[PDB]
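Novice:
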Amino acid sequence: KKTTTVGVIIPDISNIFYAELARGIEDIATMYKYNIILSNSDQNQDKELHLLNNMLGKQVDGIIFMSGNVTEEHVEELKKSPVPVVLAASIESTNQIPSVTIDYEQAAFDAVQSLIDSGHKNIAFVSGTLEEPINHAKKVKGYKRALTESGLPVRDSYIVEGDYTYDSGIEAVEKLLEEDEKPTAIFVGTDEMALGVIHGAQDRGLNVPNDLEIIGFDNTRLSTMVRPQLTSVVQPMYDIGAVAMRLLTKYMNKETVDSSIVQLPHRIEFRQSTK
Amino acid sequence: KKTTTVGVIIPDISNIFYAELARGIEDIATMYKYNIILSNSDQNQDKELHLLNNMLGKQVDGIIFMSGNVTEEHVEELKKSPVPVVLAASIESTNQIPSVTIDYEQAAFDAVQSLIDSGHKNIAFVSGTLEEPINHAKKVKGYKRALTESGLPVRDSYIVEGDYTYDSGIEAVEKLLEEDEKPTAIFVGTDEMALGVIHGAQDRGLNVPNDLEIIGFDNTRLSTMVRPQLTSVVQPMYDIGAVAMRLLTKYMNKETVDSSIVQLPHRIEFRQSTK
Amino acid sequence: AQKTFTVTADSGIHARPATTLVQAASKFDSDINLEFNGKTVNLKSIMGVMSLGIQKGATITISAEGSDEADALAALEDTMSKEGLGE
Amino acid sequence: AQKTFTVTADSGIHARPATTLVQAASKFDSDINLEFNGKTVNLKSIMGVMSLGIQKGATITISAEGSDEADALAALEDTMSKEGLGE
Ligand SMILES: O=P(O)(O)OC[C@H]1O[C@](O)(COP(=O)(O)O)[C@@H](O)[C@@H]1O
Ligand SMILES: O=P(O)(O)OC[C@H]1O[C@](O)(COP(=O)(O)O)[C@@H](O)[C@@H]1O
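Chains as they are written, first to last, in UniProt numbering: chain A, 58 to 332; chain B, 58 to 332; chain C, 2 to 88; chain D, 2 to 88.
1) Just to confirm before moving on: does the CB-CB distance between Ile82(B) and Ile121(B) stay below 8 Å?
2) Report the rounded CA-to-CA distance for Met48(C) versus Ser156(B), giving the unit in angstroms.
3) Beta-carbon within less than 7 Å of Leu108(B)'s beta-carbon, same chain only, minus the 5 sequence neighbours each way: which residues are those?
4) Alpha carbon to alpha carbon, how far is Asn310(A) from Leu74(D)? Give it in angstroms, no decimals.
5) Say whether the stretch 71-78 of chain A touches the stretch 61-78 of chain B, bearing in mind that this needs 3 or more beta-carbon pairs closer than 8 Å, one atom from each stretch.
6) Determine the chain A residues that contact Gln56(D) at a beta-carbon separation under 7 Å, and present them in chain order.
7) Taking the Cβ atom as the reference point for each residue, do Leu86(D) and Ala10(D) lie within a distance shorter than 8 Å?
8) Taking 8 Å as the cut-off, does the stretch 173-190 of chain B touch the stretch 7-21 of chain C (at least 3 CB pairs, one atom from each stretch)?
9) Is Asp160(B) near ligand 2, judged by its Cβ being under 7 Å from some heavy atom?
10) Beta-carbon separation of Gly226(A) and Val245(A) under 8 Å?
11) Is there a Cβ from chain B that is less than 8 Å from the Cβ of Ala16(C)?
12) Could you name each continuous beta strand (DSSP E) segment of 3 residues or more that falls completely within the stretch 106-130 of chain A, going from the start of the chain to the end?
13) Using a Cβ cut-off of 8 Å, pull out every chain C residue sitting near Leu78(B), in sequence order please.
14) Going straight from the alpha carbon of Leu287(B) to that of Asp248(B), what length do you get?
15) Residues of chain A with CB closer than 9 Å to the CB of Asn97(B), please, in chain order.
16) Compare the Cα-Cα distances from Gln102(A) to each of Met282(A), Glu238(A), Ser124(A), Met88(A) and report the closest residue.
17) Under 8 Å Cβ to Cβ from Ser150(B), same chain only, skipping five residues before and after it: list those, please.
18) Note down, in chain order, each residue of its chain lying with its Cβ closer than 8 Å to the Cβ of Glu105(A), except the 5 sequence neighbours on either side.
19) Given that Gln24(D) touches chain A, what residues does it touch there, using C-beta distances under 8 Å?
20) Enumerate in chain order the residues of its own chain whose CB-to-CB distance from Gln170(B) is below 7 Å, with the five nearest sequence positions on each side excluded.
21) Between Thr20(C) and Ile14(D), what straight-line distance do the alpha-carbon atoms span, to the nearest angstrom?
22) Is there at least one Cβ from chain B nearer than 8 Å to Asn310(A)'s Cβ?
23) CB of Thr277(A) to nearest heavy atom of ligand 1: below 7 Å?
24) Can we say the stretch 204-213 of chain A touches the stretch 270-288 of chain A, given the rule of at least three CB pairs closer than 8 Å?
25) Whole angstroms is fine: what's the gap from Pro18(D)'s alpha carbon to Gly253(A)'s?
26) What is the DSSP secondary structure of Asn310(A), reduced to helix, strand or coil?
27) Less than 8 Å between C-beta atoms, sequence neighbours within five positions excluded: which residues of the same chain meet that for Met51(D)?
28) Take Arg80(A) and list the residues in its own chain whose beta-carbon comes closer than 8 Å to its own, dropping the five residues that flank it on each side.
29) Assuming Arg261(A) is part of the beta strand (DSSP E), what are its boundary residues?
30) Checking the sheet assignment: what are the DSSP bridge partners for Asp167(B)?
31) Between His256(A) and chain B, is there a C-beta pair that is closer than 8 Å?
32) Consult DSSP for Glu83(B) and reduce its assignment to one of helix, strand or coil.
33) How would you list, in chain order, the residues of chain A whose beta-carbon sits under 9 Å from the beta-carbon of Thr20(D)?
34) Under 8 Å Cβ to Cβ from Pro285(B), same chain only, skipping five residues before and after it: list those, please.
35) Taking DSSP's pairing of strands, which residues face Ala25(C) in a bridge?
36) What are the boundary residues of the alpha helix (DSSP H) that includes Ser82(D)?
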């Protein structure tokens, strides 16, 4: 009855992050002789739902799903599915569907808190599209709690967003230094914006970590391709990939799921963007 | 009889370059309602041939193929295929199989020659795995011809290889400055090694372009995420992708192939890694 | 029937921003063609637009000839500035 | 039956270098288990090795118990240094 082909809906594989994850998937879906049928959605809520139909229709043992925002509706439709579905590096507040991720809010805290320890007054935050549950509902909080927990002014102007592009990461550094009270340490929601933050902050004639210290996320390889070398919160994309499929393998070959709601370990890799 | 699903064999999609290409593919295979079934080979001649069997077997209207080295044998097996096959960003000297690429040897020349013009004595070359036909048989030549055509010592020690990793790109810069006659301009076979070349050369206390000037390849986005901004030979990966599938669409829906051996345009993007 | 532009897109007419301008031409039913440097191929064809290699700052002409020219030459203008290509 | 190591791999035991050490355990027929920080799960299982999160400089023990222990505990050593994990 089955097809030996699991489907995967990703936003855009021309992205280090999503592709890095697609590779974890592959390798394991391979290990269990399952073909994959990849398709991008460019984070389009409509195309996302549609893609899910087409794929379900063409009979697929399972489905992997990634989105920056799992809509309240997505859950309705992804519940009415006929086959196992597990989310990867994407979250939804009810846990009706399996999902392998990292403990986000924690790492966001652990990092900001690492700077408080370092002895910092004004900590800033440069995140991405606030409308994404993973951001405003998880990473931002962490940043705030890490602060409110040490009694520091939770300043709505110290959090400035941008898309996940290196370019944006530079503007934020400018709009941030535009402040009367300049930050001395910046936490960035992700590696590539963090690179833009270094540069943008350097062009103004400041030093890293000498002046402001920075800390990224994902620990992608761009983390090493800078000067100084970016300190990043580690998120194992390939692992999120691997484990995301593997758990699907269990759900599909009917083994026994210890927990369908997973959350692999995380840490910080202290390089030089922070002394 | 068909399946509406074309297969694609790529080496590793966790690579900016290959993933960037995979996206061109997707988008167009989508545009013509064809499902894709992606699989990596990690540049393993055995796994490559095997992957081609599995995919052909599971009935696929067509196949896209990418490799750093199309073996003399690959051509035998890819001739015995039952369905259209077109190569992408991969080459083989006989042209028995379609193939969309860039005019490599030309761009390699055009770039080295751009430095001669700039007024350079000792031009060096940092390429990747010489055993790959696209490298030693195309890019290297270009570098040499550009030189022999201006009467300059074709020095076997000025060409130093490495894998396509940012790390390697740094060692080459060291082994290159180890020379009594130091280069004043370096041509790098690819964007990410070019980033390693900038840094490695900067750590020694030299300036770019002030001391040695550099020029990359692929014009990937890392081209903009450096300081200075990498000057790169433009290769349109997504386009190679798109056009590679589209031509396959023609071959598969039986339209009329003007030429099955394609080679899209190319240029240089002069940023600041070269004054 | 025709509308000439000037491309200010660092990317020129490649990748998705190009696949977009070709996907927004297979919609209409007239006959659209792009002309760069005096070379002309079906603007409703990928290999045609991807073969040209329109860099940046390159003036280009969109020619529409059919039962819905104005409609085509109109939405394409949107499609252009909506993708940030030319102006 | 067992062989303890010390990981010096910047990557630790993740990604492919990990999928490799798990793929090189489903081969043998004995019973192999990995023990990190006194936690033990089937070294022949992905979610088990990926759940641990073995950073760098972390001492780990490979325990083999079956009709081919020595053979397992031997090739795994190769698999380790052949992947550049521990030493
Ligand atoms: O490391 P980078 O290139 O900044 O990328 C990370 C951003 O890309 C993401 O996958 C989000 O992508 P989307 O905008 O396409 O949903 C996350 O990793 C983060 O939101
Ligand atoms: O821009 P980067 O990251 O240096 O990558 C380019 C290298 O990767 C390649 O696809 C080759 O990859 P492989 O080593 O996996 O065959 C080419 O673009 C070049 O050989």
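Ideal placement from N, C-alpha and C gives every residue a C-beta, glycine not left out.
Specialist: Short version:
1) yes
2) 13 Å
3) Hits under 7 Å: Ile66, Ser96, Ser98.
4) 30 Å
5) yes
6) Ordered by position in chain A, the residues that pass the 7 Å Cβ test against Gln56(D) are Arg324.
7) Yes, these two residues count as a Cβ contact at 8 Å.
8) Touching, no, given that fewer than three Cβ pairs across the two stretches are closer than 8 Å.
9) no
10) yes
11) Chain B contact via Cβ: present.
12) 120-122
13) The premise fails here: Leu78(B) is roughly 11 Å from chain C at the closest Cβ pair, so nothing lies under 8 Å.
14) So the two alpha carbons sit approximately 8 Å from each other.
15) Correct list: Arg80, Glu83, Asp84, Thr87.
16) Closest option to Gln102(A), Cα to Cα, is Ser124(A).
17) Within the same chain, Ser150(B) has close Cβ partners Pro190, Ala194.
18) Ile66, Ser98, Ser124, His131
19) Residues of chain A passing the Cβ test: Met88.
20) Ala203
21) 41 Å
22) no
23) For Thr277(A), the shortest separation between its Cβ and any heavy atom of ligand 1 lies below 7 Å.
24) The stretch 204-213 of chain A vs the stretch 270-288 of chain A: no contact.
25) 30 Å
26) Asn310(A) falls in the helix class under three-state DSSP.
27) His15, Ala19
28) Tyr295, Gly298
29) Taken as a continuous stretch (DSSP letters only), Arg261(A) belongs to no beta strand (DSSP E), as it is neither H nor E.
30) DSSP lists no partner for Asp167(B).
31) Contacts with chain B at 8 Å (Cβ-Cβ) include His256(A).
32) helix
33) Simply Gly81, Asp84, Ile85, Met88, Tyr295, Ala299.
34) Cβ-Cβ distances below 8 Å link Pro285(B) to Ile255, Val265, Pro266, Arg328, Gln329, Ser330 in the same chain, with the five nearest sequence neighbours on each side left out; the list follows chain order.
35) DSSP output for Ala25(C) lists no bridge partner at all.
36) 70-82 is the span of the alpha helix (DSSP H), which, as asked, contains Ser82(D).
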